[PDB]
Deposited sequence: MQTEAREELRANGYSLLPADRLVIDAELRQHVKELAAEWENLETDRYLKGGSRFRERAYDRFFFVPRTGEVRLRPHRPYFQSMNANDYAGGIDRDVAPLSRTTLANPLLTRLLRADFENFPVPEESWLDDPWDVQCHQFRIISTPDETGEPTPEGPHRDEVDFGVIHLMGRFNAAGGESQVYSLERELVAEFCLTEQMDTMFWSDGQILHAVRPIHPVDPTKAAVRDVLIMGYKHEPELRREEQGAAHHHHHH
């Protein structure tokens, strides 16, 4: 099926929100999830970053998901625009959409060994709000096996193209996620990636781009933590 063969061939795959079937229950869950980007903490001069993060223990075959102890230095995902305590909020964690996305997104990855489905995976989960105030980045890896990004919202924003590079650091594709739940999956060891700066359209207001990123890493020795 489509996404995982595209990851196999090209190292990324695009899933626009219009290709997804959204009912009234789901619509409500997306809105409540996306509303969490209004209550994030600032940080790790024109550009600002607000963020929250956590890790999950994940076993694909059983769907087992456990929240892990909050450890800022064990993050490796960046906003493309090792720090302080900023856990996902209670209401983010209580929204069933979060883990449903975590499990559904994984089915799009071309996992090389069926046995890996029985092993634990570490899943980093990042909420980023990227802010660009009236105006006065290079390709890289996140150091995971597979990544997904979901666009939660874009406000007053120009630019912000997502960029897929070859390992030789040459630009192979450029797309722009603009609709809520526009999605990209990628093989983090197959390509490099970056995102272009955002900047405001209306110069009296900030540009804001809200993004949900999850990174999945196969971790056969990972144990449950109590």
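Residues of the deposited sequence that lack C-alpha coordinates fall in the stretches 1-2, 47-50, 88-92, 148-153, 244-253.
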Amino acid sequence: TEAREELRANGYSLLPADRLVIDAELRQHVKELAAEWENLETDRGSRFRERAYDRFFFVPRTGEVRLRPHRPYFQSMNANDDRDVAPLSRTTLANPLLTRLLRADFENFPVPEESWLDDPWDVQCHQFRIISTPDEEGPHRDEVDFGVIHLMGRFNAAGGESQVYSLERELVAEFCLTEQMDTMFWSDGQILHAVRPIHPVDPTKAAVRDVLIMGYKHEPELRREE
From here on, numbers count along this sequence of modelled residues.
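Higher average CA B factor: 68-76, of the stretches 68-76 and 118-126. Stretch comparison (3-11 versus 215-223) by mean CA B-factor in the PDB entry places 3-11 on top. Among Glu32, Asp43, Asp54, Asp188, the highest C-alpha B-factor in the deposited entry belongs to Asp43.
Comparing the C-alpha B-factors of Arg196, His193, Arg169, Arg61 in the entry, the top value falls on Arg169. Among all modelled residues in its chain, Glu107 ranks in the middle third by Cα B-factor. For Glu174, the recorded CA B-factor ranks within the highest third of the chain. Only modelled residues enter the ranking. Placement of the Cα temperature factor of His150 within the chain: lowest third of the modelled residues, per the deposited record. Looking at the C-alpha B-factors along this chain, the one for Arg90 belongs to the middle third.
Among the modelled residues of its chain, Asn39 has a C-alpha B-factor that falls in the middle third according to the deposited record.
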